[PDB]
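Accompanying notes for the structure given below.
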Amino acid sequence: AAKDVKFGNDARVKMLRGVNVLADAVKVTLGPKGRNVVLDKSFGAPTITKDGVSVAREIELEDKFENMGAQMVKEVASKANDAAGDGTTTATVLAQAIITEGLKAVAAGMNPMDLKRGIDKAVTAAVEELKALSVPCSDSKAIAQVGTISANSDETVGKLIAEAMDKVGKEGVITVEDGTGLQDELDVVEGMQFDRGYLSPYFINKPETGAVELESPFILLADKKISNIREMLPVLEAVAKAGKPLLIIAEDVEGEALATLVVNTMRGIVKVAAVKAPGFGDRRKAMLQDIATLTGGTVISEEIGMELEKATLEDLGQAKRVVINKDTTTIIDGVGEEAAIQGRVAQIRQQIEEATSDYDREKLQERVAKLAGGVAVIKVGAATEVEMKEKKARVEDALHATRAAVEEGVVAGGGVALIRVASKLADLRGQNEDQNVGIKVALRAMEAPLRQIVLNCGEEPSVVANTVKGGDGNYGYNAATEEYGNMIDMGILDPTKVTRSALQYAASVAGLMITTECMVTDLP
Amino acid sequence: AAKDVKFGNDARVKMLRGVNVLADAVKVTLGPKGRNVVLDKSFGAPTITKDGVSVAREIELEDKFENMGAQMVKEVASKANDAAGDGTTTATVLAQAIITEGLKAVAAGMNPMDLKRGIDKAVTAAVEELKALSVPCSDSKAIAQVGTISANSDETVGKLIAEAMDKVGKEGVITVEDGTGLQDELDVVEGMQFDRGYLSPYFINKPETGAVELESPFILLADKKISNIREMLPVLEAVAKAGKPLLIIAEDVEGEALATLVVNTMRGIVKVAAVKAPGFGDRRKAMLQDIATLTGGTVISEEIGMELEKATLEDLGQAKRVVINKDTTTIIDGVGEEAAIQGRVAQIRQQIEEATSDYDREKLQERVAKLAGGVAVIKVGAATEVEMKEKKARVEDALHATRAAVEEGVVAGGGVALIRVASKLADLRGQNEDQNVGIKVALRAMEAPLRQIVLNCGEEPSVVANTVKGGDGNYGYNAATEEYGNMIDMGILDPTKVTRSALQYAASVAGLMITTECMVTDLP
Amino acid sequence: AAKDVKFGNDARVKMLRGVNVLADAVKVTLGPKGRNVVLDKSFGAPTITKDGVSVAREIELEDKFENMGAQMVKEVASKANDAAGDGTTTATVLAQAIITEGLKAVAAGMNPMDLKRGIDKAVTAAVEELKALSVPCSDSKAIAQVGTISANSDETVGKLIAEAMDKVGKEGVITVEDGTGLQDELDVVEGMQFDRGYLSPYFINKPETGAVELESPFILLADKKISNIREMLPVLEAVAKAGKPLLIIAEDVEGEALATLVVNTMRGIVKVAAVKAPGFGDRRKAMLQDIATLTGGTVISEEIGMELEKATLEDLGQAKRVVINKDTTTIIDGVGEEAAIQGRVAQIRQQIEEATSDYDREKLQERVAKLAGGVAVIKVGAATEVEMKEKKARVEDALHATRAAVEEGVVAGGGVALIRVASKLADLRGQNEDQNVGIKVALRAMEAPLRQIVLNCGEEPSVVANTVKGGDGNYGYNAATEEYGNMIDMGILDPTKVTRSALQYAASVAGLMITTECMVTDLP
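Protein chains in written order, with the deposited numbering: chain A, 2 to 525; chain G, 2 to 525; chain B, 2 to 525.
Quick look at the structure:
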């Protein structure tokens, strides 16, 4: 369509107003004294969140140009989220900051392109700086501190999380769902288990709820359904022989097998029952050897060198016992050597370091966790729904933050780290003057986080910042207690990684943004 | 789409105007001197209700922002209803209340987030408080009082309700339907009975209307239909032998079977007839063992280790007699040991405490009531339809209220309970000042219910409230009689559970709401 | 539709405003001190580029006539891209330039048609001129210089490119993809390899990730799928005898074959496995002889004078070994004489020089590179996405530019070359006066590039231009260092070919454009 082009200052200005609106709408939610924003929804009821990125996304401006600037900055808040799911708001603040200044300098008559570089360098610099301050977050305490700090100062959270991690381990999986009650709840799965119920409800062992407890069973794995393919009695009778319970897994099982199966297990002929494998072809199949191997079984390559009956009783796997309901199955413990275990695990290392990451390493580690480690889930408590949301939301950030803290350590919160590394680069210079300004600009913006925080407390951003800059190391203002001191001893930690991503992502765009000289878009 | 963001005061105000509209439109219906509201409907004729939640839902504002506010408070009114189906209006009032004050304090320049905490704490407190005053509602008298009080002071109601509960028991099921005449009517089903008529209309025993009364029959249950599968005479003749009438249940029955059956019961060979089982597959089948075991019969696992004829006359279950029409069957009594009865009941305990609640525990408790207790239904009398609606409505509120009072006890109505526990927390304080205000705010709001009721009587809300606050325990104003006294002895009872939910749900949202600093929505 | 015709000056003016808009919007991005532009997108986020042609495309004007003018000049910026993927901005500058002056001269009352010729001639001349100064770019140093200068002065780029070229050779292929990290990364494939993984995952030789390494295998090539056509064991067993591993290639393979194949390679009968050929019918088949001939194999003319088993073990090709995962296959080295190699290559010469050029000579030289040379890929580093683009973008430009400098040499950048050849034609004349102006016009415009560059540095375009014109040979202003000197010694090189296309394409349209006397289009 016919366009509307704008150059220089006009364009910039527009762009900036755009940015500001977005920014301003995200600032409000920064820090312990951060406030909330309400996002409307034709869908259901409006949403109340303090999650910066959540906000960002909803901002769209009528002014095509104002809008563009907004639509750009929006991505820092975004990328920041994909990186480590937290720090979003914070990040944004820095862009807002950088850009403002930047533009002011371009308006000053400097070459934007050098400004950019000056900034870029000043940042590359600022990063090593942080990696310096980053200190390992390893004890459960520290971890509880980041979770807590992340969840807008909710101890219960960090506390819970810390626990989970302390249990499921390092490669143990952790997820959060809506809770039934109003209290938060932590459930931890032990050993091997999955989401499959029994097809033979009649085959319930001891307890109710479909509770099956095949004492010392022989696990059996397949690659097809069993309508009338019931042929396999050898294998079957082989255990009727040993007189041990039997667990089964495969594409499925028709009543033909079940029926007879019912009365067999009934008459006391053979205590047995079966449940379907995971889910999709490559899925389920991809997950069985593990199972077998675990319990010491011999998966049936219905597709390779094997067949139905085509298999001995010793091929089966063995485990202490099992527990099944109409939706889940669990193995108490399949006697299978660690040489096998860590083995089946070791081969997961390539699966691990994958160029797929998102979705891959996900369902991946899951098994990895079930394959020796543990799986945990958290149920968030809330009276309302607009509450469960917000709540469960913050719970995840924290969940991520901790994950980031662990892999990349932490540094002093309250935006002191940055403010601190800024002083450290007070002597950083570039190829030319513009560039030096470009650097100064950035350093200057690094005070943003801190003083937005302060401002969210109705206090002098500039006065605090000062006294804070006067200090050393981790001397920092505690907005919550309204008194200075050691940010770390006070447990106000920021996972090094977020602080870093926020600065990078922020600049990465701000940088470009301030080098706009023309803008094109459609007509009103 | 292009948005419209609003920050601080502006946003808040709008939000509040929105709340108010909603609230105000729901207040009007509070208390005995509560009035009605009319909800238009393109559908048919307008609706006239005094049900707060019914109203809330209908409120939508043109001002995107005023609307958001309303869309939010609307949820308290809602949740309150999912929780215990009553107190809705009341709940709302508190929010309205909490928010008003809250905002005023934010305007005062206080940190909203502490305000929130202050409130939250003040509430957690207020709750134990109630759990304190809650006293067991067990006698039918009390139960009639909550029903009555619930149904805007209609004794006939509480009266009827009390009766029902007194009959069907504790686990007996109770439902309300539009009645035929103008008088309310209570029907109570005794023993076992469902909604299936006879396929063989010709097989009518004694009375008319298709009235069947097979004396000392043999009940038979299957899992299939019988077109030409008429093969089964062994089992048949076995009874022709015994000379007893026969009842049948299964997926269905074709004339082939019927035809022959007709003349058989006719010529006096075998007095019999049958009727289809419950409804859906997993439905009906799920409901048969129960039938069997009861009368002492052996359901036919047409699908498992069983077939047609394959079953002895002894497998059949027995009962005194039965009564069927063209739409309902009923077993006078199937001699089946209590070992079996309570057994089939005890195993319902897991079905009971189910993470399904809504829809599950319903049809569930139903059978439960039929497997020992009793079932009841109420027919509401009304000349018109616009009446039959309102009437029948309130009837349920009470039906729920009672249910709630039973399980969670009760406390003094007139919003005295709250006003009372408020005084009890006159010394509650929080971590900082803002928080103390936050608390104070909340206590202050707990006078809302009471003084709205008063206002709904054209009387000094503040004057009453005072005298009421001067009193102790359950001293309370009786809006209806316009005179003070003991709220309990007067039978003005509120099921503890509602009073509690209304406060919780109300705060839960209100709290968040007063921490709004920005709002985003689409353009006008 | 009803039209709107405009004649002479009116039309022209409109047409010009149109051009200017477009032009002006592309100028901003010229040179090291070039700035960026933002192209909005309803799609996702806005785009930030410095790529002239990228911009051009987005420009459309509301004024039907102003629009036409823009729609015209737009093609120079365009064609310039199809020609050598760079110089786009620059080209545009010249048109803008030529047109302006031209029109002014038509307004001067000259015959436009001669103006055109004068220009055309002036250009043909200027071209030989360049071809004169063009000097061979052959050393890696020079090659990195154009890369670098093309990628807005990024050495890392020219550096990287220089290397790749220095590896893959002259006919080696080079491509750029988004990298994983933030660092740019260069990967170079050695020998023969394509994008096909193993269908027999179980057939993983040594390493994980599905790593197969058939040591000294026999390669097999076919023209069909092998479900049950398993027939061919003579061929199979043939190698089972020689005890060598085996690689296969054809339409496909079904389990029937795999399954058995599995246990064979398992039992240590015959270590083998297979992977599908390239892709489409003509495709895959097109690429096999090459493979065969390479390893010294005999492709199976399943469609001609051959069949399944119909083929001896000696038909098979042989290679050191192979490397396969779930996605790619690679031959370490098929022992195949060079008489064969360069032969299968020599025949590619006709394929090469083709009238299809685009898409033809692409996938073409690919094999060519794989049939003796080497394949290379570059991964671009970027924190954001809006960065990864711009970055990766320029990277290609350079990738192109080099490609051009090599085949057509280079000349002095900073638009000196042109300004230089301009002085060389100071005595060029044509058939009549108008024509002489036509020439003069053109020469005059060749200062455009230079002084736009200067202007993008906030400096006197005319002042620099002078001092630069006062110089000789490669004396030129260095915008970046803001100081004059030898453009070549400074490594500021422009692939001769681009400079030429830019001038040509520019004039080609400009010329015509200035001979507009009427314009037709639709009504507003």
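Even for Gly, the Cβ is constructed at its ideal location relative to N, Cα and C.
{"query": "Three-way DSSP call (helix, strand, coil) for residue 360 (chain B) in this model", "result": "coil"}
{"query": "8 Å Cβ cutoff, residue 63 (chain A) in contact with chain G", "result": "yes"}
{"query": "Every unbroken beta strand (DSSP E) inside the region 315-362 of chain A [3 residues or more]", "result": "323-325, 330-332"}
{"query": "Selected residue, minimal CA-CA separation from residue 290 (chain B), among B:300, B:284, B:408, B:65", "result": "B:300"}
{"query": "Rounded C-alpha distance that separates residue 533 (chain A) from residue 361 (chain G)", "result": "The shown model of chain A, from 2 to 525, leaves out residue 533 (chain A), and the question about it has no answer."}
{"query": "Cut-off 8 Å between Cβ atoms - residues of its own chain near residue 104 (chain G), not counting five sequence neighbours on either side", "result": "13, 17, 515"}
{"query": "Distance CB(residue 174 (chain A))-CB(residue 370 (chain A)) smaller than 8 Å", "result": "yes"}
{"query": "Proximity test, residue 71 (chain B) beta-carbon vs the ligand SAH heavy atom, cut-off 7 Å", "result": "The ligand SAH is absent from the structure shown, which contains no ligands of any kind."}
{"query": "Neighbour flag for residue 351 (chain A) against chain B, beta carbons, 8 Å", "result": "yes"}
{"query": "Helix, strand or coil at residue 234 (chain A) [DSSP, three-state]", "result": "helix"}
{"query": "Residue 178 (chain G) - partner residues in DSSP beta bridges", "result": "G:380"}
{"query": "Residue 466 (chain G): first and last residue of the uninterrupted alpha helix (DSSP H) it sits in", "result": "462-471"}
{"query": "Opening and closing residue of the beta strand (DSSP E) in which residue 9 (chain A) lies", "result": "Where residue 9 (chain A) is concerned, there is no enclosing beta strand (DSSP E), although the alpha helix (DSSP H) it sits in stretches over 9-28."}
{"query": "Local Cβ density within 10 Å of residue 284 (chain A), reported as buried at 16 or more and exposed below that", "result": "exposed"}
{"query": "Residue-chain proximity (residue 525 (chain A), chain G), Cβ-Cβ < 8 Å", "result": "no"}
{"query": "8 Å Cβ cutoff, residue 202 (chain A) in contact with chain G", "result": "no"}
{"query": "Other residues of its chain near residue 185 (chain G): CB distance less than 7 Å, five sequence neighbours each side excluded", "result": "157, 161, 379, 380, 381, 382"}
{"query": "Nearest candidate by alpha-carbon position, reference residue 138 (chain A), set A:122, A:171, A:128", "result": "A:171"}
{"query": "Presumed contact (8 Å Cβ cut-off) between residue 276 (chain G) and residue 357 (chain G), rounded CB distance", "result": "Contact flag wrong, Cβ pair sits at about 29 Å."}
{"query": "Proximity test, Cβ basis, 8 Å: residue 285 (chain G) and chain C", "result": "Given the protein chain composition of this structure (A, G and B), no chain C is represented."}
{"query": "Whether residue 183 (chain G) touches residue 384 (chain G) by CB criterion (8 Å)", "result": "yes"}
{"query": "Beta carbon of residue 415 (chain A) nearer than 8 Å to that of residue 494 (chain A)", "result": "no"}
{"query": "Spatial neighbours of residue 23 (chain B) in its chain, beta-carbon cut-off 7 Å, leaving aside the 5 residues before and after", "result": "57, 60, 71, 74, 75"}
{"query": "Three-state secondary structure (DSSP) of residue 256 (chain A)", "result": "helix"}
{"query": "Residue 486 (chain A) - DSSP class collapsed to helix/strand/coil", "result": "strand"}
{"query": "CB contact below 8 Å: residue 195 (chain G) versus chain A", "result": "no"}
{"query": "Cβ-based contacts, 7 Å cut-off: residues of the region 495-519 of chain G near chain A", "result": "505, 506, 509, 510, 513, 516, 517, 518, 519"}
{"query": "Residue 219 (chain B), DSSP secondary structure in three states", "result": "strand"}
{"query": "Contact list for residue 400 (chain B) against chain A, beta-carbon separation under 7 Å", "result": "The premise fails here: residue 400 (chain B) is roughly 22 Å from chain A at the closest Cβ pair, so nothing lies under 7 Å."}
{"query": "Chain A contact for residue 256 (chain B) (CB, 8 Å cutoff)", "result": "yes"}
{"query": "Host alpha helix (DSSP H) of residue 398 (chain A) (start-end)", "result": "386-409"}
{"query": "Bridge partners - residue 188 (chain G), DSSP secondary structure assignment", "result": "G:378"}
{"query": "Whole-Å CB distance - residue 528 (chain G) paired with residue 120 (chain G), under 8 Å assumed", "result": "Residue 528 (chain G) is absent from the model: chain G starts at 2 and stops at 525."}
{"query": "Cross-chain neighbours of residue 281 (chain G) in chain A, by beta carbon under 7 Å", "result": "Ordered by position in chain A, no residue passes the 7 Å Cβ test against residue 281 (chain G), which lies about 16 Å from the chain."}
{"query": "Integer Cβ distance of residue 86 (chain G) from residue 397 (chain G), believed to fall under 8 Å", "result": "7 Å"}
{"query": "Whole-Å CB distance - residue 492 (chain B) paired with residue 325 (chain B), under 8 Å assumed", "result": "Wrong, their Cβ atoms sit about 44 Å apart, outside the cutoff."}
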